[PDB]
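Visitor: PDB entry and its sequence, pasted below:
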Amino acid sequence: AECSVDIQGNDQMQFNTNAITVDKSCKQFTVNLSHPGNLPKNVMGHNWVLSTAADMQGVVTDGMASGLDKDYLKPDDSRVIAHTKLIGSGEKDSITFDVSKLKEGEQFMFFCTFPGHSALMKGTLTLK
Ligand SMILES: [Cu+2]
Ligand SMILES: [Cu+2]
């Protein structure tokens, strides 16, 4: 089974997927994030941040408060399971994380933590 996904965030605050499936036999999983828009990082930055569903609101809230130089994530936030860096127009970032962080049946959310973006830029991740 494949163990990666390619995702885009654009100038309209849209991800091109709202649901990610990680195959149970994967030991690592890779997320390839790209920004095909034209707007720069400081006004339309996008990251891909993963947490349990219950933790998302907290991660997003503290994140936005943390500011651009911290990629809109609270330092040493143990609620973040895995995340890309924050990127603007024309950039791309890839992260690979351990599936051992992803328990069978548990509910996970991915989202962008750039201010205001998470309402429209979010989706589910599950291990099947
Ligand atoms: Cu495989
Ligand atoms: Cu964003």
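Guide: Alright, I've got the coordinates. Residues are numbered from 1 along each chain as shown. Ligands and ions are numbered 1, 2, ... in the order given.

Visitor: Adjacent strands (with direction) for the helix or strand where residue 33 lies?
Guide: Element membership for residue 33, per DSSP states H and E: strand 28-34. Paired strands of strand 28-34, with direction, are strand 4-8 (parallel), strand 92-98 (antiparallel) (DSSP bridges).

Visitor: Okay, buried residues for that strand please.
Guide: Neighbour-count burial for strand 28-34, counted by 16 or more other C-beta atoms under 10 Å, picks out 29, 31, 32, 33, 34. Using the backbone N, CA and C atoms, a C-beta is placed for each residue, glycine as well.

Visitor: Determine which of the strands paired with strand 28-34 approaches residue 58 most closely.
Guide: Closest to residue 58 of the strands paired with strand 28-34, according to C-beta to C-beta: strand 92-98, at 19.8 Å.

Visitor: got a list of what the most centrally placed residue in the chain touches?
Guide: Residue closest to the average C-alpha location in the chain (C-alpha atoms, centre = their mean): residue 48, at 1.8 Å. By C-beta atoms under 8 Å, 6 or more residues apart in numbering, the contact list for residue 48 reads 7, 9, 31, 33, 83, 84, 95, 110, 111, 112.

Visitor: how about the strands in the protein?
Guide: For the chain, the strands defined by DSSP state E cover 4-8, 19-22, 28-34, 49-52, 82-83, 92-98, 108-111, 122-127.

Visitor: contacts for the third one?
Guide: Contacting residues not belonging to strand 28-34 are listed as 3-9, 22, 46-48, 82, 84, 87, 91-99, 102 [C-beta under 8 Å, 6+ apart].

Visitor: Weed out the non-buried ones from the residues you listed.
Guide: Buried positions within the contacts of strand 28-34, assessed by neighbour count (16+ other C-beta under 10 Å), are 5, 7-9, 22, 46-48, 82, 84, 87, 93, 95, 97, 99, 102.
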